[PDB]
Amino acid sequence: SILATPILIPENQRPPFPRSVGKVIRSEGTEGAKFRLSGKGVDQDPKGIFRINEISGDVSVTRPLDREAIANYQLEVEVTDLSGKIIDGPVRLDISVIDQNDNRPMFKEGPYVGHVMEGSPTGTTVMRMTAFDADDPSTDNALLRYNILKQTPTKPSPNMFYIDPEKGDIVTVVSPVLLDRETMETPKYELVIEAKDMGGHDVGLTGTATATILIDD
């Protein structure tokens, strides 16, 4: 009878506030009855972000929210007497904050340096390079896809390596007969690694980091 629904709310809502977000329905209900709300977000830190209209059962939010700060609130609603005795025992009101894409992919282990053998077979792992993302990992908003943007130098061949778009594993793609040194200038290679958002998708957010790769004897 007290009855009402799990509210979803996008983070980073623009002003003004407060804004309606849901509505607790009762029915079987006296006159001079009052919806009262409580729990985390009302009267437990963070106090004061959610409000119910005591007549209409309109649940409203009073300010913008941050999913990577707080991802869920569990509130409790109830109706009351003219006095304050509960004429409709308390039920749970769940609020899920919806991920918005407001974090940029960023590498956090740098500087990045891996070594590899001069004359290695294809698919030999140089190193691993995973990026971090403060957004929801179960949404496109985290979900990373990796690419190599630049190789220096561009000899013997322009792209000697290739990264796992999924795992971020750098591996060798070039034979022993060129992937060597003998008459080499700098022992090493310089790779510009990009991690992008929304799993590839033309329109992601990016983070970079240049890996330094040393050819070994």
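Residue numbers here begin at 1 and follow the sequence given.
Point to revise | Greater mean Cα temperature factor according to the PDB record, 115 to 123 or 68 to 76 | key: Comparing 68 to 76 with 115 to 123, the higher mean C-alpha B-factor belongs to 115 to 123.
**Study point:** Of 57 to 65 and 33 to 41, the one with larger mean CA B-factor
**Key:** The entry gives the higher C-alpha B-factor average to 33 to 41.
Check your understanding: Among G22, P15, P10, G200, which carries the highest Cα B-factor?
Key -> Going by the entry's C-alpha B-factors, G200 comes out highest.
**Study point:** Criterion, highest CA B-factor; candidates, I49, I163, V174, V192
**Key:** Highest CA B-factor of the listed options: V174.
Point to revise | Third assignment of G89 from its chain's C-alpha B-factors | key: Answer is highest: the recorded C-alpha B-factor places it there.
**Study point:** Chain thirds of CA B-factor: placement of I170
**Key:** For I170, the deposited C-alpha B-factor lands in the middle third.
Check your understanding: Taking the C-alpha B-factors as the PDB entry records them, is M184 in the lowest, middle or highest third of its chain?
Key -> It belongs to the highest third of the chain when residues are ordered by C-alpha B-factor.
Exercise for review: Pull the Cα B-factor of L149 out of the PDB entry and bin it into the chain's lowest, middle or highest third.
Suggested key: Middle third of the chain for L149's C-alpha B-factor.
Exercise for review: Quick one: classify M106 as lowest, middle or highest third of the chain based on its Cα B-factor.
Suggested key: Answer is middle: the recorded C-alpha B-factor places it there.
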